[PDB]
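> test case, fold it:
(chains A, B, C and D, ligands or ions: 2)
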Amino acid sequence: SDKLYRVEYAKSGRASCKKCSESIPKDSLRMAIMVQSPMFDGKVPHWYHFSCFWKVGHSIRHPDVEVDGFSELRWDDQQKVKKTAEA
Amino acid sequence: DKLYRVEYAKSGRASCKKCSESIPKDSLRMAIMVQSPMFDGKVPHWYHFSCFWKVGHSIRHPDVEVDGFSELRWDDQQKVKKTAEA
DNA sequence: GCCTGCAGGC
DNA sequence: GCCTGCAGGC
Ligand SMILES: [Zn+2]
Ligand SMILES: [Zn+2]
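Residues are numbered from 1 along each chain as shown, chains lettered A, B, ... in the order given. Ligands and ions are numbered 1, 2, ... in the order given. Below you will find the coordinate block:
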């Protein structure tokens, strides 16, 4: 993907939130900023807790198109994302 | 503590202790379970379903002797039950 | 228990 | 691409 953001249920409980530094629990809703790596080719996620993600400031107009993995979310979470972005 | 286990193969890496060929992921496989003296916990010796019977393993009552039996799909439950009889 | 293949994190 | 955890084999 070439999108700037990603959302998904945490594939493990091992990722740390770039903002608050705590672990992001398996299966919890997490969002990433996708960044290029200097050490190799490929994009790499910077993960945040859902709430942590929004605190750090974001002008996401249409979550459905800008955020990779939006469609694979449970419906009510797709809403939680829209309501939050629009806020 | 049952002596046998049956399940759909969790991976494709296990090798049949009768014929030596690999046991394909999700295929129906059977094990005799053995206690390890190197660590607490049982080691399974896996077989392709058919190979299991060709080495002299024997089961009268699958339901009770074979761990995992009742989570098999129905037709596989019947296959095991009949093969055991035969 | 040890190994290994690979998924997840970075 | 490097590191590590871990599931799955034995
Ligand atoms: Zn956080
Ligand atoms: Zn075999």
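> residue A:28 touches residue A:11, doesn't it?
No - counting by C-beta atoms under 8 Å, residue A:28 does not reach residue A:11; the two are 10.7 Å apart. For the C-beta atoms, the positions are set from N, CA and C on the backbone; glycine is no exception.
> out of everything not next to it in sequence, what's closest to the residue positioned nearest the centre of chain A?
The residue lying closest to the centre of chain A (C-alpha atoms, centre = their mean) is residue A:31, at 1.4 Å. Leaving aside its chain neighbours, residue A:31 sits nearest to residue A:53 (4.0 Å; criterion: C-beta to C-beta, 6 or more residues apart in numbering or on different chains).
> for residue A:55, same thing?
What sits nearest to residue A:55 in space, not counting adjacent residues and going by C-beta to C-beta, 6+ apart, is residue A:19, at 6.7 Å.
> which ones are touching the one you found?
By C-beta atoms under 8 Å, 6 or more residues apart in numbering or on different chains, the contact set of residue A:19 is A:48-49, A:52-53, A:55-56.
> if you set the cut-off to 10 Å instead, what comes out?
Contacts for residue A:19 (C-beta atoms under 10 Å, 6 or more residues apart in numbering or on different chains) come out as A:46-49, A:51-53, A:55-56.
> mind giving me the PyMOL command for buried ones among the residues you listed?
In PyMOL syntax, the buried subset of those is picked out as below (16 or more other C-beta atoms under 10 Å in any protein chain shown):
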select buried, chain A and resi 46+47+48+49+52+53
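> what about DNA strand D: which of the contacts of residue A:19 touch it?
Subset of the contacts of residue A:19 in contact with DNA strand D: empty, counting by C-beta under 7 Å from any atom of the strand.
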